[PDB]
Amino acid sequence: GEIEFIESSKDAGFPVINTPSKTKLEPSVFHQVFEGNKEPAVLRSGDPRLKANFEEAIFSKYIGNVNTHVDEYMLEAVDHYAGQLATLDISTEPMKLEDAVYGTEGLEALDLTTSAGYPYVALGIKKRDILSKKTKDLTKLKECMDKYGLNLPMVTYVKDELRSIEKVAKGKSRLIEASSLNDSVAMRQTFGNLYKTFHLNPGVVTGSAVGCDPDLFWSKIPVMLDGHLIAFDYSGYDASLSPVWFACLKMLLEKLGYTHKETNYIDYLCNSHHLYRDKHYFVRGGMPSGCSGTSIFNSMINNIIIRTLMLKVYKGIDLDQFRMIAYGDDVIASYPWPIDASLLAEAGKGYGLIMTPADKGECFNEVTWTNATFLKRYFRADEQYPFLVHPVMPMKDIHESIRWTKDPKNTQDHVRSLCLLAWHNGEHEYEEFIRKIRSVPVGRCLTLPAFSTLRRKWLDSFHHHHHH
């Protein structure tokens, strides 16, 4: 992806986006109880913790585009992945407006707490001024969609979230885009049934983990990925995506039955128009993280990419024996023979992708079930029921999170969520976590689950049929 034109918003009539410059994250009551090194990401140029130029750092993931046609390797990769998606019978019929906005099976209701985007943010109009959970009203939304139309600019925000010491110093904060509520809605109507099918079918057929529930999904992953594991990381995946990958994504959707006009929303994601504070700018390529379906589309593109690199490097590869699960840029895969991921990374480099060893490793080492992570979690077979696998979020990450809060009024939900993650680390680690939480009075005012209750409910959850 690459920035192709920048101008002062005022020269084109756009008001300045007044995005917050101070973090909503504050030290929590547990900040002194636990240890951690993460702090709120830099959100402004003047931050005294900066040791690099902010604006440069944040826009630096737009490394450029490789200007290639869709090649032979890509074509066979698209064909192979479209073959799997076909078995799913994804409907390309538009999703009914109410289902798209207010919720339905496999597609939760449009989040009413995130940004309504442009022009709404400039007019003080919030999602809640247009939409209503209670009434399921759509009259105002339609007026809005008619008045302002589609293909509106995206609003660029810096993500307010915890980051490592090094990422704070380098100003390596992440950008997310707020699609206008009008474009979000039209995209959810166009691709909603695909979103739903993906959400209801995480695994090796969609090759996606988007919307999965790790507590349940983890036990399936080693059944799906039964050969020699493959895993690696990308650096700045989203912004590194060149248009050619979007061209491949468009071919894939057309094989699935979408019309050319329906895939036009892919051009909206690829060749995009943004407002960032007092600037207005155009970008060619790069997935604009935050718009409707970005995790799904990023995942689909990853499926095309990896197949492409294997076909390119291993001419004798048999893709029917390859398996992979992606969550955006995060991937866990397998093949019955060993595969040299450093080779794939060099092939990726020719395609404008930056792949590195898994987990900040220095070498494309062997990935084992002991060292593999996905969604940051390790895999550990239950001792009593070996066919059940615990998703293991490291205690270090749980500690980083508990030390800060964006709203202490939600302490109970925040802590309870962390407890659902923590117990997988074992009974002793869990009792220690609980003991430390209760070492401050707030900790004793909370309803925290018992380990035996967590374990029991986890074992029982595998008994109840799940719709696909």
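Counting begins at 1, following the sequence as shown.
Here 353 to 361 and 307 to 315 are compared by their mean Cα B-factor, and 353 to 361 comes out higher. Judged by mean Cα B factor in the deposited record, 366 to 374 ranks above the other of 366 to 374 and 201 to 209. Of all the options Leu225, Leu269, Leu88, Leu344, the entry's greatest CA B-factor is assigned to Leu88.
Looking at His274, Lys172, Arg323, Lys261, the one whose CA carries the top B-factor in the deposited record is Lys261. Split the chain's modelled residues into thirds by C-alpha temperature factor. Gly443 is in the lowest one. In this PDB entry, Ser180 carries a Cα temperature factor that places it within the middle third of its chain's modelled residues. Sorting the modelled residues of the chain by their CA temperature factor places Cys291 in the lowest third. In this PDB entry, the Cα temperature factor of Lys409 sits in the top third of its chain's modelled residues, the highest group. Residue-level temperature factors show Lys96 in the highest third of its chain, judged at the C-alpha atom.
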